[PDB]
Amino acid sequence: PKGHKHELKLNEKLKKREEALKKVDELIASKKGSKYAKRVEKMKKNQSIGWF
Amino acid sequence: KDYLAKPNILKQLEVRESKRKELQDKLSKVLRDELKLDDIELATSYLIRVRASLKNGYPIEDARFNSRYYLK
Amino acid sequence: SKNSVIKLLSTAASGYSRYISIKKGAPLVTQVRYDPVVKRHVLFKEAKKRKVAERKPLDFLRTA
Amino acid sequence: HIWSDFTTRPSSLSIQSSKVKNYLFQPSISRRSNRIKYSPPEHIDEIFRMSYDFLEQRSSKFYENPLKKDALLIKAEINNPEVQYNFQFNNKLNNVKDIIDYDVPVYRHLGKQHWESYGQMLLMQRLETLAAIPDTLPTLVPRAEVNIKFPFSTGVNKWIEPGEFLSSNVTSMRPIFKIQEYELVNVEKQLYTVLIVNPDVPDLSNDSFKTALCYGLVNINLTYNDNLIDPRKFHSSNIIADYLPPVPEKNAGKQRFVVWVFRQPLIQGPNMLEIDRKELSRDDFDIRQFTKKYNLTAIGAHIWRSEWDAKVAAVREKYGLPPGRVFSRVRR
RNA sequence: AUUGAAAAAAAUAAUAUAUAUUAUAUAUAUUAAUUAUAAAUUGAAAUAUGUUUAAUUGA
RNA sequence: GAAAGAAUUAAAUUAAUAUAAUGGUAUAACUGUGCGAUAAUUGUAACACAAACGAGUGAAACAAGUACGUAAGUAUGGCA
RNA sequence: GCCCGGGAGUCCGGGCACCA
Ligand SMILES: [Mg+2]
Ligand SMILES: [Mg+2]
Ligand SMILES: [Mg+2]
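Protein chains in written order, with the deposited numbering: chain b, 106 to 157; chain R, 150 to 187, 190 to 223; chain X, 6 to 69; chain 1, 20 to 45, 53 to 90, 97 to 299, 303 to 367.
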């Protein structure tokens with residue numbers, strides 16, 4: 106069987122999505138401003154283990 | 150959120166445990182070198200606790216006491 | 006007449022769009038909103054291109 | 020020159036570091059380059075000296097019942113630069129006798145003022161917002177700070193901020209209190225009690241909640257400088273209800289653990308009181324009623340709050356408790 | 001740290017570095033910056049290098 | 001006896017509310033300001049009011065993420 | 001909404017879809 110158009114273009118789509126995800130936070134930061142970015146960076150640095 | 154960040158947390162915990170074990174081993178080795186009597192495991196644990204206390208803000212005697220009390 | 010509709014596409018390429026209305030002059034809109042496919046907030050950007058009522062870039066660097 | 024003298028006046032009123040004192044009287055910024063860079067304001071010396079002379083004179087003039101006397105002393109001292117330096121730039125929590133004596137009245141006053149400025153206010157806010165006061169004990173009037181700590185479990189060092197979320201691990205073993213008294217009270221004869229209550233445990237019969245007393249100390253002796261309530265001090269005779277840890281059931285909200293500190297009623304020596312340790316029902320416990328019975332006056336309080344987590348089962352097991360109930364996620 | 005002036009340390013907070021814990025803690029050090037941001041032949045200032053004069057100083 | 005602070009009482013009200021009229025509003029919804037452009041987000045919405053049906057209205061709670069907030073919390077566009 | 005005629009912008013007149 107040949108496979109449906111949507112079924113063959115699935116892997117590629119997934120890959121694209123993944124790529125987007127990888128480069129989304131940065132985009133958001135850009136949209137926001139520098140202060141937001143700085144804050145995010147600070148948060149990342151923080152070093153604080155939670156609990157479950 | 151918990152589900153997401155649970156595996157990571159677990160990993161971290163494991164790492165910490167490993168580190169602790171290593172420290173304990175080191176302490177044991179030191180003790181051996183010194184030549185002191187030892190129960191030995193317990194002693195090592197106590198030592199580790201004391202060290203931890205020291206690392207955090209505690210007067211040394213007080214820290215030791217605290218460690219002892221935990222065990223008790 | 007004044008208010009046109011526009012389609013905002015998720016910057017994460019899940020193909021989840023959302024629509025809003027704006028004035029014809031309105032600046033190039035973006036907004037971060039929840040994308041149910043990716044299940045997290047993402048920037049949504051205008052899909053179709055459209056002319057914008059140009060505003061002068063305000064000068065912070067004391068020119069002339 | 021009364022502030023120069025140290026016969027009757029305690030030694031704590033001076034700056035213990037000599038260099039600093041010297042600098043003051045005619053600096054600290056450690057780095058040499060930084061020091062070089064620094065440039066103080068002109069004519070500070072002579073004017074400062076004059077000011078000192080003035081204030082010293084005032085103090086001398088001031089210098090001459098107990099509370100009144102204490103107040104007078106405080107008034108005399110406060111403007112001393114040295115004392116100010118000591119108080120401002122040295123830690124008040126883990127106090128060091130010679131730098132800041134809370135035996136000395138001025139220092140005590142300063143501490144009180146500091147507390148009023150921030151920590152006390154914070155505590156009050158936490159009490160009000162979280163509905164600690166009206167829910168457990170009608171009201172309080174701050175009087176003394178109460179800082180808790182959980183040193184034994186885990187092993188780390190941290191003073192708990194009021195109204196925090198503590199992990200079940202952290203609150204697995206008992207806490208340590210530091211009841212920092214002020215207000216010219218007796219030290220030999222005055223005893224204290226401390227009660228850790230949690231008012232929100234699920235009552236299924238009524239469908240409401242009931243208040244459990246998870247930890248209870250009575251007849252504790254305190255001192256202005258020596259106020260850490262460690263197992264060293266209290267002994268097993270003073271515990272009315274031995275420590276039980278927070279073990280919130282799943283989906284039973286956020287349980288508020290609110291530590292209350294009361295001072296005993298005062299009648303020669305230290306007046307004790309029996310409290311029928313066996314008879315007193317701890318599983319369900321009336322705080323107000325208890326207070327009425329023994330005529331306590333709640334001086335100070337602190338609070339934290341616990342939630343369910345994976346760790347609590349283990350804690351329960353350790354303590355040898357039931358497996359713990361589980362509640363529906365819906366507030367039906 | 002080297003230049004100036006003439007043993008150490010004991011707050012808060014900020015920053016740098018480390019580590020403790022299914023605890024955004026602690027230990028050590030130091031207290032920066034506080035209205036700034038591209039593009040100016042003639043505006044002004046400073047420094048370095050020459051010449052002159054009352055080894056140097058001023059100009 | 002003075003200074004300063006915290007205020008409290010009285011008056012609050014037709015000013016203001018994106019917009020008619022009404023009801024509300026100083027405990028401010030009205031005004032100023034910091035941060036923020038995020039709740040003018042995403043699945044389930046019980047139950048009410050209203051209601052012939054088609055429709056409409058308020059909305060607890062569950063779950064996913066976001067903003068501000070020391071915290072309590074607050075935000076599913078606009079005082080109605 | 002798209003295409004003309006009088007680099008961008010405004011202001012006017014033609015068409016071309018939409019017309020359930
Ligand atoms: Mg009106
Ligand atoms: Mg509003
Ligand atoms: Mg109906």
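For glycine and all other residues, C-beta sits at the position ideal for the given N, C-alpha and C.
> With respect to the alpha helix (DSSP H) encompassing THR195 (chain R), which residues constitute its N-terminal and C-terminal limits?
Replying inline: On the second sequence, residue 195 (chain R) is found 44 positions in, with the first residue counted as 1. First-last of the alpha helix (DSSP H) with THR195 (chain R): 191-206.
> Which same chain residues, not among the five before or five after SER204 (chain 1), have their C-beta less than 6 Å away from its C-beta?
Replying inline: Taking the fourth sequence and counting its residues from 1, the one referred to as residue 204 (chain 1) is at position 172. So the qualifying residues of the chain are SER185, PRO277 and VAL350.
>> Can you pull out the residues from the stretch 108-140 of chain b whose beta carbon lies closer than 7 Å to at least one beta carbon of chain X?
In response: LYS121, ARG122, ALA125, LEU126, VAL129, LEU132, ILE133 and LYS136
> Is it right to say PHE289 (chain 1) is buried, meaning 16 or more other beta carbons lie within 10 angstroms of its own, or is it exposed?
Replying inline: Mapped onto the fourth sequence, residue 289 (chain 1) falls at position 257. Buried: at least 16 other Cβ atoms inside 10 Å.
> What residues from chain b crowd round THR35 (chain X), counting only those whose CB sits closer than 8 Å?
Replying inline: Reading the third sequence from its first residue, position 30 is the one you call residue 35 (chain X). The contacting residues are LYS136.
> Smallest Cα separation from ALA18 (chain X): which of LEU113 (chain b), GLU124 (chain b) and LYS114 (chain b)?
Replying inline: Here residue 18 (chain X) refers to the residue found at position 13 when the third sequence is read from its first residue. Per the Cα distances, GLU124 (chain b).
>> Strictly below 7 Å CB to CB, what residues from chain b border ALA31 (chain X)?
In response: Counting from 1 along the third sequence, the entry for residue 31 (chain X) is found at position 26. Under the 7 Å cutoff, chain b gives no residues; its nearest Cβ is about 16 Å from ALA31 (chain X).
>> Considering only DSSP beta bridges, list what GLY335 (chain 1) is partnered with.
In response: Position 300 of the fourth sequence, counted from the start, is the residue given in the question as residue 335 (chain 1). Answer by DSSP bridge pairing, in chain order: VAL293 (chain 1).
> Can you give the Cα-Cα distance for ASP167 (chain 1) and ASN253 (chain 1), rounded to whole angstroms?
Replying inline: Residue numbering aside, residue 167 (chain 1) sits at position 135 when the fourth sequence is read from its first letter. Residue numbering aside, residue 253 (chain 1) sits at position 221 when the fourth sequence is read from its first letter. So the two alpha carbons sit approximately 29 Å from each other.
> Bridge partners of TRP191 (chain 1), per DSSP?
Replying inline: As a first step, residue 191 (chain 1) is located in the fourth sequence; it is residue number 159 there, counting from the start. Paired residue(s): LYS181 (chain 1).
> Just checking my contact of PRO280 (chain 1) with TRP343 (chain 1) at CB under 8 Å: how many whole Å lie between their CB atoms?
Replying inline: What you label residue 280 (chain 1) is simply residue 248 of the fourth sequence in a count that begins at 1. What you label residue 343 (chain 1) is simply residue 308 of the fourth sequence in a count that begins at 1. So it is a contact: roughly 5 Å between Cβ atoms.
> Is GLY155 (chain b) helix, strand or coil by DSSP?
Replying inline: As a position in the first sequence, residue 155 (chain b) is number 50, starting the count at 1. Reduced to three states, the DSSP call for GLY155 (chain b) is coil.
> Tell me which same chain residues have a C-beta within less than 7 Å of the C-beta of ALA134 (chain b), skipping the five on either side of it?
Replying inline: In the first sequence, the residue the question calls residue 134 (chain b) occupies position 29. Taken in chain order, the residues that qualify are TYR141, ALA142 and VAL145.
> Between the C-alpha atoms of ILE272 (chain 1) and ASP232 (chain 1), what's the straight-line distance to the nearest angstrom?
Replying inline: What you label residue 272 (chain 1) is simply residue 240 of the fourth sequence in a count that begins at 1. What you label residue 232 (chain 1) is simply residue 200 of the fourth sequence in a count that begins at 1. Computed Cα separation, rounded: 21 Å.
> Excluding the five sequence neighbours on either side, which residues of its own chain have a C-beta within less than 7 Å of the C-beta of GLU82 (chain 1), listed in chain order?
Replying inline: Working through the fourth sequence from its first residue, we reach residue 82 (chain 1) at position 56. Contacts found: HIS20, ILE21 and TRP22.
> Measuring from the CB of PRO297 (chain 1), is there a heavy atom of ligand 5 at a distance below 8 Å?
Replying inline: This structure lacks ligand 5; the ligands present are ligand 1, ligand 2 and ligand 3.
>> Closest to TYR329 (chain 1) by C-alpha separation, out of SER341 (chain 1), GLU309 (chain 1), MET76 (chain 1) and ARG317 (chain 1), would be which residue?
In response: One-based indexing of the fourth sequence puts residue 329 (chain 1) at position 294. Of the listed residues, the one whose Cα sits closest to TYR329 (chain 1) is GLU309 (chain 1).
> Between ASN283 (chain 1) and chain b, is there a C-beta pair that is closer than 9 Å?
Replying inline: Counting from one through the fourth sequence, the residue named residue 283 (chain 1) turns up at place 251. No - not a single Cβ of chain b is within 9 Å of the one on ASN283 (chain 1).
> Along chain R, which residues have their Cβ under 7 Å away from the Cβ of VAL188 (chain 1)?
Replying inline: Reading the fourth sequence from its first residue, position 156 is the one you call residue 188 (chain 1). Those within 7 Å of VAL188 (chain 1) in chain R are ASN207.
>> For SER15 (chain X), list the residues DSSP reports as bridge partners.
In response: By 1-based counting over the third sequence, the position of residue 15 (chain X) is 10. The partner list for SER15 (chain X) (beta bridge, DSSP) reads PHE49 (chain X).
>> If I follow the unbroken beta strand (DSSP E) through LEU216 (chain 1), where does it start and stop?
In response: As a first step, residue 216 (chain 1) must be located in the fourth sequence, where it is residue number 184. Looking at the DSSP string, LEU216 (chain 1) is not in any beta strand (DSSP E), and its letter there is neither H nor E.
> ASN122 (chain 1) CB to nearest chain R CB: under 9 Å?
Replying inline: Taking the fourth sequence and counting its residues from 1, the one referred to as residue 122 (chain 1) is at position 90. It does not; no Cβ of chain R falls within 9 Å.
> Counting pairs of Cβ atoms below 8 Å between the stretch 306-325 of chain 1 and the stretch 231-247 of chain 1, do you hit three or more?
Replying inline: yes
>> Any beta carbon from chain 1 within less than 9 Å of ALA154 (chain R)'s own beta carbon?
In response: Residue numbering aside, residue 154 (chain R) sits at position 5 when the second sequence is read from its first letter. With 9 Å as the cut-off, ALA154 (chain R) does not count as an interface residue toward chain 1.
> Checking contacts by CB at 9 Å: is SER268 (chain 1) closer than that to chain R?
Replying inline: Your numbering for residue 268 (chain 1) matches position 236 in the fourth sequence. It does not; no Cβ of chain R falls within 9 Å.
> Are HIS141 (chain 1) and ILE110 (chain 1) close, meaning C-beta to C-beta below 9 Å?
Replying inline: Locating residue 141 (chain 1) in the fourth sequence gives position 109, counting from the first residue. Locating residue 110 (chain 1) in the fourth sequence gives position 78, counting from the first residue. In contact: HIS141 (chain 1) and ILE110 (chain 1) (Cβ atoms closer than 9 Å).
>> Starting from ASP130 (chain b), trace the alpha helix (DSSP H) in both directions and tell me its first and last residue.
In response: Along the first sequence, one-based indexing puts residue 130 (chain b) at 25. That run of the alpha helix (DSSP H) goes 130-137.
>> Within a Cβ cutoff of 8 Å, which residues of the same chain sit near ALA176 (chain 1), ignoring the five residues on either side of it in sequence?
In response: For the purposes of this step, residue 176 (chain 1) is taken as residue 144 along the fourth sequence, with counting starting at 1. Cβ neighbours of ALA176 (chain 1) beyond the five flanking positions: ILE211, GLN212, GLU213, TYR214, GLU215, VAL293, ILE334 and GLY335.
> So what does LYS210 (chain 1) bridge to, in DSSP terms?
Replying inline: Translated into positions along the fourth sequence, residue 210 (chain 1) becomes position 178. BP columns for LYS210 (chain 1) point to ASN179 (chain 1) and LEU260 (chain 1).
>> Taking the beta carbon of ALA203 (chain R) as the centre, do at least 16 other beta carbons fall within 10 Å, making it buried, or is it exposed?
In response: The residue labelled residue 203 (chain R) in the question sits at position 52 within the second sequence. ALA203 (chain R) comes out buried.
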